[PDB]
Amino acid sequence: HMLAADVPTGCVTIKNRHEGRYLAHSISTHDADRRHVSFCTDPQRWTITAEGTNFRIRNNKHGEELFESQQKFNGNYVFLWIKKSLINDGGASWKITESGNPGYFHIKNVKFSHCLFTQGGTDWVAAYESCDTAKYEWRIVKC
């Protein structure tokens, strides 16, 4: 067996199936407490930690937690939390479950019940409730 049936924990890379690029921090900030998320061609490192049946996801480079926000453009924003105060309201907790395609997972926000999603060719990340196509599917591999 060479795949990881269980959700990989610790140091991982995170790659969207449709877009084919790696989830990454952004150079752009929405404010001094919220940094944006984007994609990169080269592998960018994250840290996944189990929290009960759920998971927290942290950007290795800046040490900031990934979370889904109340604020919304068209979709609900997905941010990195610059302040570093632990988020305890479900917004930074994620249900990571196998999709129908081997090695790919759905990453679903606990608070909002939205799956991480990207449009396609866009450096913008969001989360929506559909969770039914390749745009919602993520390959999670140990570093």
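Throughout, we count residues from 1 along the sequence that is shown.
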Residue range whose averaged C-alpha B-factor is higher in the record, 44-52 or 24-32: 24-32
Selected stretch [higher average CA B-factor]: 76-84 or 93-101: 76-84
Selection by C-alpha B-factor (highest) of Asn109, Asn59, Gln70, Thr118: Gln70
Residue with highest C-alpha B-factor in the PDB entry, from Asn16, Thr9, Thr13, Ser130: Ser130
